[PDB]
Amino acid sequence: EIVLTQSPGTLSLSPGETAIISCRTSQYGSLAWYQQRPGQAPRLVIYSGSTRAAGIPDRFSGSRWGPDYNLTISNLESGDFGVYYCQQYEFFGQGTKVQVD
Amino acid sequence: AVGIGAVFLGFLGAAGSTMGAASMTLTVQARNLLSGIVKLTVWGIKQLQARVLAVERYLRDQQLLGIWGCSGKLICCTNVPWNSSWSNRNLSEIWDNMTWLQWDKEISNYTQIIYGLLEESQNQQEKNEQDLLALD
Amino acid sequence: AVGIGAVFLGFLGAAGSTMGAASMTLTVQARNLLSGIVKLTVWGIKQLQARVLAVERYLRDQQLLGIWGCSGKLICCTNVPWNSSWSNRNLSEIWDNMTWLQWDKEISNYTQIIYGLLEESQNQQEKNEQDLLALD
Amino acid sequence: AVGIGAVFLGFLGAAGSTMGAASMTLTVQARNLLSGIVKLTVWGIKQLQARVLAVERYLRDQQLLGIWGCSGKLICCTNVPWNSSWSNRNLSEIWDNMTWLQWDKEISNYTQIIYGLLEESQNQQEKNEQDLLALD
Amino acid sequence: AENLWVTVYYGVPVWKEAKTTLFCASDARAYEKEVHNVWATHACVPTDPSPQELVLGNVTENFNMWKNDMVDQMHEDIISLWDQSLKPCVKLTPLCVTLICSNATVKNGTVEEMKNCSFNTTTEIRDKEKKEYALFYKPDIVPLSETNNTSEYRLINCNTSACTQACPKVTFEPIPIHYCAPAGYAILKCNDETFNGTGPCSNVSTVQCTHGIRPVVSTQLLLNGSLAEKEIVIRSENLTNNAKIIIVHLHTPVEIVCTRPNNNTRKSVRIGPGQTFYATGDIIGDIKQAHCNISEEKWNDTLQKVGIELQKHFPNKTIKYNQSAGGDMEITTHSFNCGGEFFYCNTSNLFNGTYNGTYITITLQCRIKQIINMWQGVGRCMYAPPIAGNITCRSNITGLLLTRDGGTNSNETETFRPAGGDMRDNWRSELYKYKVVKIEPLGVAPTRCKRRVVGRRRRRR
Amino acid sequence: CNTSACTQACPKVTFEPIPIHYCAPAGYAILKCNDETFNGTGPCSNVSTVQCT
Amino acid sequence: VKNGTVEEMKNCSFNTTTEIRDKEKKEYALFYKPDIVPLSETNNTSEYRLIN
């Protein structure tokens, strides 16, 4: 029954605005979020809940609500667009794509 | 426990007992800090590495007492008024409850600051152990 | 021998002399115990093996004076009554005959027992380090 | 300098200051001489070569104070009259001028002779440690 | 409030966290045998009759076995102690010769577990050689490539690293070895029998030295260990994390009784001036092959007891065991040393079948090796000389090492498999009770004293 | 080579019976028996202490 | 070298021992210095030796 559900399916956004992504969880454990542009390996964004990976701007941040978790992206640049994956221990989320308008 | 001879593993139950009760039988720890239970191989070099550190640790504790005016005394009152900011001025009511293991958590940040005052306390005597008075 | 300038090999003739004559120039032994006359090879490691134990033995002796209240004093009286079972109560007449090398044979079994009483003697004082007098 | 918390590299500028003023903040050197800044390779053995000598030098200095009757005191009077042959009997007018670094060359030859007299002061106590008064 | 002034007290009993090198002490007069031992020093002499203990009342201290500082300290001691005994012993460089090997024949039969190999070895004088032979009781010798001939072989050391013989003088023994902290430091101990590996312990006690920890080395099963007091205990960093290792403690052991029944004969080969090489020369008895026996009744009870205990953490999931997933020969088979021979036992039935835990003679074929890469993985190469005569072993299994398969298994099932390969997890199952804390007689405490007016003396108060 | 290989004595080092004194460390004292008639065991009634042998 | 030659160094080949001691193989390497002493007691100019 250990499943991670990301929503919504896709984000249609104009560059420069603010957006939020969610990842509900059904088991106790750490979380992390991954950035994948097409044609490259994914990259670590945040881990251990809300802490941050090195070398990434501060615009990426996340919040823990217990069995629910959210990633907030403010002032969305042109390069940030891609596909975002949620991850506990093994178990990955469905993956969602943020796309330009 | 109350006594002296005992064993080093005979009095350390005072780690939970009251500070007042822990202040008795205070010599047994002071005895233990030196000796304890200590071709070339690993243990041989350890008997030089660990042994010299035990002595090196012991001399720092004794020299601080030797400067504060508490040389050779297990208990020693000094001339430093207790600032209430370090802790409330009612520990006399309280130290029948707390153990010494719990007291350190209160003055953890302030301990290094206080040692300056104890130096200053001796330096009242240092200023007052020069010049004129002692015709005796 | 009487005198203190002397040499460590200047006073040890008191090893046969009376305890009274041996009681003077008691400082020269205290000087000698500190350092004395002390690629890698056998003597190089021996200078670390022997030296650290020479320091270690000295600390263990000063450790006991610092607790008994005889810190820094060669001679020292202590608040313990001499039990006649350890020896007859007329040594004041006898120690003009015996040397210290002969006295040790009498208290050989009782020395570890006596150290408990001297510890107890300090803790007649330590029991009196919390109650009344030193409001000053 | 006035102030004794300071640092070892906060007071040592007294090496050029007046010999009288350098007597203040005398505790920082007593603190600094203990430990200071300090697979197997060169530095590893050096931490045993230098560390053990740093301890043994400290013990040699302290035991001289213990024998002379100046145990635990930075300043200490002694019962010895100053012979004018060692130096003129007017240093009270001069330690405001000389620094401690300059005073040493006055008594380079006489220092080992003087230590005998300080010991001789103690036999005025060691003579008076067997006779009468301790019945009190 | 009240009038108060500073006071100094310090031969006080309070401690702080720290880590330091620890002296070793061996039980009884074993230090007199220890001089001729490895996995044991030269020697761990005690000065006082250790161990001794005092219970500290009303003391609660925070423990943790996975961030323990002693386990790393012992592992570096045993590794450093192990290769110091191999330092003066003969090296096996001159044996890397093109071995001509054929079937090893024995009295009215043949043995399938070994090859009869012959080679040109240097005699006393370096300019002549002789045609020696020996039975390397292992077909684990690489055939030599770049040739169609199937009868040329080579010793597997020289592909990666030349090896050193284990001298006959030193004996491999798990002698109990206590650890004693130096003066100024104290070893705590948690007596709480229900301790799961981390968190507060409210029955702390101090000791002069640790108990008789013995440095046994094995994989997939912990032998001759110290049993749990009350019941079976399971210890892991975080059971939900399918990585890490699940160390189990049995409160009553099972007896592994086994042997090397072949009657082998040691042979001395003269590879150099003083350097001597020992190899199995011939078999002087009937052949029966190594094997190990475990009680089917008692072991099957162990999985039933262990299964329900795991099911407490994994509710309503049936616990399945299964064969090892893979790895080297050191971790895919239960490996251990006994009597100077290094066994590698197949675990023929110590894996099999569902064991729900709700209650709704096992024979293990064992291989043997002479060349061993030490258990850390990339360590020193060692050649264990043969031991003449049959061998027999009797040991108490006291704990199981396990690991779990995840994540998308059926929600009502969970599969557990053996593990191993890291020395520290064997010893971390015994050093889980201890800490090392430096005793620090503290900074100031108030008292009712006034200032020391003109240095006046005081006794009372 | 029948029993063990050997090592050369390098020309630099020299085999000499240089006199050597043993000096005990601090805390220990070396006694000496001056009794010229000492047969190897038993009491010696003329003792003296030295820094080194 | 590719459409050229290098003045500094020499292409030297030697027999080297394999994993097994009783067999040897040809091997070569460019010792990038001409500081390899020619071997004496021979009129051949193509035999050299490492100066260690």
# chains A, B, ... in the order shown; residues from 1 in each chain; ligands from 1
call {"tool": "interface_residues", "arguments": {"of": "chain C", "to": "chain D", "cutoff": "7 Å", "atoms": "only C-alpha atoms", "output": "list in words"}}
result
residues 4, 5, 24, 27, 34 and 72 of chain C
call {"tool": "interface_residues", "arguments": {"of": "chain C", "to": "chain F", "cutoff": "6 Å", "atoms": "only C-alpha atoms", "output": "NGL selection string"}}
result
:C and (33 or 35-36 or 54)
call {"tool": "residues_around", "arguments": {"residues": "residue 436 in chain E", "least_positions_apart": "5", "cutoff": "7 Å", "atoms": "only C-alpha atoms", "output": "PyMOL selection string"}}
result
chain E and resi 18-19+185-188
call {"tool": "select_by_dssp", "arguments": {"residues": "chain G", "states": "strand (DSSP E)", "output": "ChimeraX atom specification"}}
result
/G:10-17,24-31,37-38,48-49
call {"tool": "write_last_selection", "arguments": {"atoms": "N, CA, C and O atoms", "output": "mmCIF file, in the first residue's frame"}}
result
data_model
loop_
_atom_site.group_PDB
_atom_site.id
_atom_site.type_symbol
_atom_site.label_atom_id
_atom_site.label_comp_id
_atom_site.auth_asym_id
_atom_site.auth_seq_id
_atom_site.Cartn_x
_atom_site.Cartn_y
_atom_site.Cartn_z
ATOM 1 N N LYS G 10 63.204 7.705 -27.004
ATOM 2 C CA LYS G 10 63.507 6.445 -27.666
ATOM 3 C C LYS G 10 62.400 5.436 -27.398
ATOM 4 O O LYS G 10 61.827 5.409 -26.304
ATOM 5 N N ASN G 11 62.108 4.603 -28.397
ATOM 6 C CA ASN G 11 61.115 3.540 -28.269
ATOM 7 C C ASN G 11 61.834 2.249 -27.902
ATOM 8 O O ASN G 11 62.416 1.589 -28.769
ATOM 9 N N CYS G 12 61.773 1.873 -26.626
ATOM 10 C CA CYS G 12 62.534 0.756 -26.083
ATOM 11 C C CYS G 12 61.614 -0.414 -25.775
ATOM 12 O O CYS G 12 60.505 -0.227 -25.267
ATOM 13 N N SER G 13 62.086 -1.622 -26.086
ATOM 14 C CA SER G 13 61.353 -2.857 -25.855
ATOM 15 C C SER G 13 62.196 -3.814 -25.025
ATOM 16 O O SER G 13 63.423 -3.844 -25.141
ATOM 17 N N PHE G 14 61.525 -4.604 -24.188
ATOM 18 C CA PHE G 14 62.207 -5.492 -23.260
ATOM 19 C C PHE G 14 61.302 -6.664 -22.912
ATOM 20 O O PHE G 14 60.078 -6.579 -23.036
ATOM 21 N N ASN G 15 61.920 -7.758 -22.472
ATOM 22 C CA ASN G 15 61.184 -8.918 -21.984
ATOM 23 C C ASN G 15 60.837 -8.702 -20.518
ATOM 24 O O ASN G 15 61.721 -8.405 -19.707
ATOM 25 N N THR G 16 59.560 -8.853 -20.177
ATOM 26 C CA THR G 16 59.060 -8.623 -18.829
ATOM 27 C C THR G 16 58.312 -9.856 -18.345
ATOM 28 O O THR G 16 57.673 -10.555 -19.137
ATOM 29 N N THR G 17 58.392 -10.115 -17.044
ATOM 30 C CA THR G 17 57.763 -11.299 -16.474
ATOM 31 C C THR G 17 56.252 -11.119 -16.401
ATOM 32 O O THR G 17 55.760 -10.050 -16.031
ATOM 33 N N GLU G 24 57.638 -15.166 -19.970
ATOM 34 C CA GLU G 24 57.879 -13.747 -20.184
ATOM 35 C C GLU G 24 57.316 -13.336 -21.535
ATOM 36 O O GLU G 24 57.147 -14.168 -22.431
ATOM 37 N N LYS G 25 57.023 -12.044 -21.672
ATOM 38 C CA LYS G 25 56.425 -11.487 -22.875
ATOM 39 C C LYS G 25 57.191 -10.249 -23.324
ATOM 40 O O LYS G 25 57.803 -9.550 -22.513
ATOM 41 N N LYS G 26 57.150 -9.986 -24.628
ATOM 42 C CA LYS G 26 57.689 -8.739 -25.150
ATOM 43 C C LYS G 26 56.782 -7.576 -24.769
ATOM 44 O O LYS G 26 55.555 -7.695 -24.773
ATOM 45 N N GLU G 27 57.400 -6.447 -24.437
ATOM 46 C CA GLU G 27 56.685 -5.240 -24.052
ATOM 47 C C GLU G 27 57.529 -4.050 -24.478
ATOM 48 O O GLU G 27 58.743 -4.168 -24.651
ATOM 49 N N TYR G 28 56.880 -2.900 -24.661
ATOM 50 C CA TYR G 28 57.570 -1.693 -25.096
ATOM 51 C C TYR G 28 56.993 -0.486 -24.374
ATOM 52 O O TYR G 28 55.891 -0.529 -23.827
ATOM 53 N N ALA G 29 57.763 0.599 -24.379
ATOM 54 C CA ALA G 29 57.339 1.843 -23.760
ATOM 55 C C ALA G 29 58.260 2.964 -24.210
ATOM 56 O O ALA G 29 59.461 2.756 -24.403
ATOM 57 N N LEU G 30 57.690 4.156 -24.369
ATOM 58 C CA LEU G 30 58.465 5.337 -24.736
ATOM 59 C C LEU G 30 58.981 5.998 -23.466
ATOM 60 O O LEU G 30 58.256 6.755 -22.815
ATOM 61 N N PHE G 31 60.232 5.727 -23.112
ATOM 62 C CA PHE G 31 60.867 6.420 -21.997
ATOM 63 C C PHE G 31 61.139 7.838 -22.467
ATOM 64 O O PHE G 31 62.079 8.068 -23.231
ATOM 65 N N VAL G 37 71.475 4.924 -20.557
ATOM 66 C CA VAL G 37 72.888 4.719 -20.879
ATOM 67 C C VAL G 37 73.002 3.589 -21.900
ATOM 68 O O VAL G 37 72.396 2.529 -21.694
ATOM 69 N N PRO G 38 73.742 3.755 -23.000
ATOM 70 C CA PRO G 38 73.998 2.597 -23.863
ATOM 71 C C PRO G 38 74.838 1.565 -23.131
ATOM 72 O O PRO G 38 75.698 1.902 -22.317
ATOM 73 N N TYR G 48 70.468 -0.719 -24.880
ATOM 74 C CA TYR G 48 70.496 0.314 -23.854
ATOM 75 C C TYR G 48 70.100 -0.302 -22.519
ATOM 76 O O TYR G 48 69.816 -1.496 -22.422
ATOM 77 N N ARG G 49 70.093 0.527 -21.479
ATOM 78 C CA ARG G 49 69.883 0.065 -20.117
ATOM 79 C C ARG G 49 69.460 1.233 -19.236
ATOM 80 O O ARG G 49 69.923 2.359 -19.423
#
call {"tool": "closest_atom_pairs", "arguments": {"of": "chain B", "to": "chain E", "cutoff": "7 Å", "atoms": "only C-alpha atoms", "output": "Markdown table"}}
result
| residue | atom | partner | partner_atom | distance |
| --- | --- | --- | --- | --- |
| B:9 | CA | E:54 | CA | 5.2 |
| B:10 | CA | E:54 | CA | 6.5 |
| B:12 | CA | E:56 | CA | 6.4 |
| B:13 | CA | E:56 | CA | 4.3 |
| B:15 | CA | E:13 | CA | 6.0 |
| B:16 | CA | E:58 | CA | 4.9 |
| B:26 | CA | E:11 | CA | 5.9 |
| B:27 | CA | E:11 | CA | 6.5 |
| B:29 | CA | E:11 | CA | 5.8 |
| B:30 | CA | E:11 | CA | 5.0 |
| B:32 | CA | E:183 | CA | 6.7 |
| B:33 | CA | E:184 | CA | 4.4 |
| B:34 | CA | E:183 | CA | 5.7 |
| B:35 | CA | E:183 | CA | 5.8 |
| B:36 | CA | E:183 | CA | 4.6 |
| B:37 | CA | E:47 | CA | 6.2 |
| B:38 | CA | E:182 | CA | 6.5 |
| B:41 | CA | E:42 | CA | 7.0 |
| B:42 | CA | E:81 | CA | 6.9 |
| B:43 | CA | E:23 | CA | 6.3 |
| B:46 | CA | E:23 | CA | 6.7 |
| B:50 | CA | E:182 | CA | 6.3 |
| B:54 | CA | E:183 | CA | 5.8 |
| B:74 | CA | E:9 | CA | 5.5 |
| B:75 | CA | E:9 | CA | 4.5 |
| B:76 | CA | E:8 | CA | 4.9 |
| B:77 | CA | E:7 | CA | 4.3 |
| B:78 | CA | E:7 | CA | 5.7 |
| B:79 | CA | E:451 | CA | 4.3 |
| B:80 | CA | E:6 | CA | 5.5 |
| B:81 | CA | E:5 | CA | 4.8 |
| B:82 | CA | E:5 | CA | 4.8 |
| B:89 | CA | E:1 | CA | 5.1 |
| B:90 | CA | E:1 | CA | 5.1 |
| B:100 | CA | E:14 | CA | 6.5 |
| B:101 | CA | E:14 | CA | 5.2 |
| B:111 | CA | E:443 | CA | 5.5 |
call {"tool": "write_last_selection", "arguments": {"atoms": "N, CA and C atoms", "output": "short mmCIF file (atom, residue, chain, number, x, y, z; two decimals), in the first residue's frame"}}
result
data_model
loop_
_atom_site.label_atom_id
_atom_site.label_comp_id
_atom_site.auth_asym_id
_atom_site.auth_seq_id
_atom_site.Cartn_x
_atom_site.Cartn_y
_atom_site.Cartn_z
N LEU B 9 34.01 2.49 41.80
CA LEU B 9 32.70 1.91 41.60
C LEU B 9 32.08 1.54 42.94
N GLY B 10 32.10 2.47 43.90
CA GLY B 10 31.41 2.33 45.17
C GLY B 10 30.58 3.54 45.56
N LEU B 12 29.83 6.20 42.86
CA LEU B 12 29.31 6.88 41.67
C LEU B 12 27.79 6.84 41.54
N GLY B 13 27.07 6.18 42.46
CA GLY B 13 25.63 6.34 42.56
C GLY B 13 25.22 7.77 42.88
N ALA B 15 25.91 10.16 41.12
CA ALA B 15 25.56 10.78 39.85
C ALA B 15 24.06 11.05 39.73
N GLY B 16 23.23 10.30 40.45
CA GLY B 16 21.81 10.55 40.52
C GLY B 16 21.37 11.18 41.83
N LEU B 26 33.91 12.99 48.25
CA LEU B 26 34.32 13.64 47.01
C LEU B 26 35.75 13.30 46.60
N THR B 27 36.52 12.65 47.48
CA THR B 27 37.92 12.37 47.19
C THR B 27 38.10 11.17 46.27
N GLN B 29 36.71 10.22 43.39
CA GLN B 29 36.92 10.56 41.98
C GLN B 29 38.28 11.21 41.77
N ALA B 30 38.70 12.08 42.69
CA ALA B 30 40.00 12.73 42.55
C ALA B 30 41.14 11.74 42.59
N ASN B 32 40.87 8.65 41.30
CA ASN B 32 40.78 7.73 40.16
C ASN B 32 41.38 8.32 38.89
N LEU B 33 41.45 9.65 38.77
CA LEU B 33 41.78 10.27 37.49
C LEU B 33 43.20 9.97 37.02
N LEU B 34 44.09 9.48 37.89
CA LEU B 34 45.48 9.22 37.51
C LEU B 34 45.71 7.78 37.09
N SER B 35 45.45 6.83 37.99
CA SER B 35 45.91 5.46 37.80
C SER B 35 44.94 4.62 36.99
N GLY B 36 43.71 4.45 37.48
CA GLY B 36 42.77 3.56 36.83
C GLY B 36 43.26 2.13 36.79
N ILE B 37 43.26 1.53 35.60
CA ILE B 37 43.72 0.15 35.40
C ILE B 37 44.83 0.14 34.36
N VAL B 38 45.60 1.23 34.29
CA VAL B 38 46.68 1.35 33.32
C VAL B 38 47.82 2.16 33.93
N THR B 41 53.26 -3.87 19.71
CA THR B 41 52.05 -4.03 18.92
C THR B 41 51.06 -2.96 19.37
N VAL B 42 49.78 -3.17 19.04
CA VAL B 42 48.78 -2.10 19.18
C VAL B 42 48.64 -1.65 20.63
N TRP B 43 48.55 -2.59 21.57
CA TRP B 43 48.34 -2.20 22.96
C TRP B 43 49.56 -1.49 23.53
N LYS B 46 49.40 2.11 22.74
CA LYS B 46 48.26 2.70 23.43
C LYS B 46 48.59 3.04 24.87
N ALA B 50 47.42 6.77 25.53
CA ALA B 50 46.35 7.04 26.49
C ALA B 50 46.90 7.47 27.84
N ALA B 54 46.05 10.99 30.05
CA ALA B 54 45.47 10.99 31.39
C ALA B 54 46.22 11.95 32.30
N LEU B 74 39.10 20.17 48.15
CA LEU B 74 38.01 19.60 47.37
C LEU B 74 36.80 20.52 47.34
N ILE B 75 36.60 21.31 48.39
CA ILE B 75 35.59 22.36 48.45
C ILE B 75 36.32 23.67 48.67
N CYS B 76 35.88 24.73 48.00
CA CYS B 76 36.58 26.01 48.09
C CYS B 76 35.62 27.14 47.75
N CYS B 77 35.34 27.99 48.73
CA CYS B 77 34.57 29.20 48.50
C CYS B 77 35.50 30.31 48.02
N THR B 78 35.01 31.11 47.07
CA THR B 78 35.81 32.15 46.43
C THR B 78 35.06 33.47 46.49
N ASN B 79 35.80 34.55 46.23
CA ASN B 79 35.27 35.91 46.27
C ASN B 79 34.80 36.34 44.88
N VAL B 80 33.62 35.84 44.51
CA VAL B 80 32.93 36.25 43.29
C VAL B 80 31.44 36.29 43.64
N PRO B 81 30.79 37.46 43.61
CA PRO B 81 29.34 37.46 43.89
C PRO B 81 28.57 36.79 42.76
N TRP B 82 27.55 36.03 43.14
CA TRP B 82 26.78 35.26 42.16
C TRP B 82 25.83 36.20 41.42
N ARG B 89 18.69 32.99 42.29
CA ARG B 89 19.31 32.99 43.61
C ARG B 89 18.46 32.24 44.63
N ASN B 90 18.10 30.99 44.32
CA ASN B 90 17.37 30.15 45.26
C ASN B 90 17.78 28.69 45.13
N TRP B 100 24.29 16.59 40.45
CA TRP B 100 25.35 17.32 39.77
C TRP B 100 25.30 17.09 38.27
N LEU B 101 24.88 15.90 37.84
CA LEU B 101 24.76 15.62 36.41
C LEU B 101 23.74 16.53 35.73
N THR B 111 30.00 28.84 31.95
CA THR B 111 31.13 28.34 32.72
C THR B 111 32.43 29.03 32.32
#
call {"tool": "select_by_dssp", "arguments": {"residues": "chain C", "states": "alpha helix (DSSP H)", "output": "ChimeraX atom specification"}}
result
/C:8-11,19-23,27-32,42-68,91-94,100-103,111-127
call {"tool": "interface_residues", "arguments": {"of": "chain E", "to": "chain G", "cutoff": "10 Å", "atoms": "only C-alpha atoms", "output": "ChimeraX atom specification"}}
result
/E:93-99,120,144,154-155,157-162
call {"tool": "residues_around", "arguments": {"residues": "range 39-56 of chain A", "least_positions_apart": "6", "cutoff": "9 Å", "atoms": "only C-alpha atoms", "output": "NGL selection string"}}
result
:A and (29-33 or 62-64 or 69 or 71 or 83-84)
call {"tool": "interface_residues", "arguments": {"of": "chain E", "to": "chain A", "cutoff": "10 Å", "atoms": "only C-alpha atoms", "output": "list in words"}}
result
residues 238, 240, 241, 242, 243, 406, 407, 408, 409, 410, 411 and 412 of chain E
call {"tool": "write_last_selection", "arguments": {"atoms": "N, CA and C atoms", "output": "short mmCIF file (atom, residue, chain, number, x, y, z; two decimals), in the first residue's frame"}}
result
data_model
loop_
_atom_site.label_atom_id
_atom_site.label_comp_id
_atom_site.auth_asym_id
_atom_site.auth_seq_id
_atom_site.Cartn_x
_atom_site.Cartn_y
_atom_site.Cartn_z
N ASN E 238 16.57 1.42 10.90
CA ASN E 238 15.19 1.80 10.58
C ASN E 238 14.62 0.66 9.72
N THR E 240 11.91 0.20 8.23
CA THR E 240 11.25 0.58 6.98
C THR E 240 12.25 0.75 5.85
N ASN E 241 13.50 1.09 6.17
CA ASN E 241 14.55 1.23 5.17
C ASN E 241 15.09 -0.15 4.82
N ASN E 242 14.76 -0.64 3.63
CA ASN E 242 15.13 -2.00 3.24
C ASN E 242 16.63 -2.20 3.09
N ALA E 243 17.41 -1.13 3.04
CA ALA E 243 18.86 -1.22 3.17
C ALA E 243 19.19 -1.42 4.64
N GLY E 406 12.50 -5.26 -1.21
CA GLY E 406 11.44 -4.30 -1.41
C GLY E 406 11.41 -3.85 -2.86
N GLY E 407 10.38 -3.09 -3.22
CA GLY E 407 9.31 -2.50 -2.44
C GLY E 407 7.91 -2.91 -2.84
N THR E 408 7.73 -3.33 -4.09
CA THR E 408 6.39 -3.58 -4.63
C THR E 408 5.94 -5.03 -4.46
N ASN E 409 6.43 -5.71 -3.43
CA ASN E 409 5.94 -7.05 -3.12
C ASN E 409 4.45 -7.01 -2.82
N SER E 410 3.81 -8.17 -2.89
CA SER E 410 2.41 -8.28 -2.51
C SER E 410 2.25 -7.83 -1.06
N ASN E 411 1.20 -7.04 -0.80
CA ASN E 411 1.08 -6.34 0.47
C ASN E 411 0.94 -7.27 1.67
N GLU E 412 0.61 -8.54 1.46
CA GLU E 412 0.48 -9.51 2.54
C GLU E 412 1.72 -10.37 2.74
#
call {"tool": "residues_around", "arguments": {"residues": "residue 107 in chain B", "least_positions_apart": "3", "cutoff": "8 Å", "atoms": "only C-alpha atoms", "output": "ChimeraX atom specification"}}
result
/B:86-87,103-104,110-111 /E:443
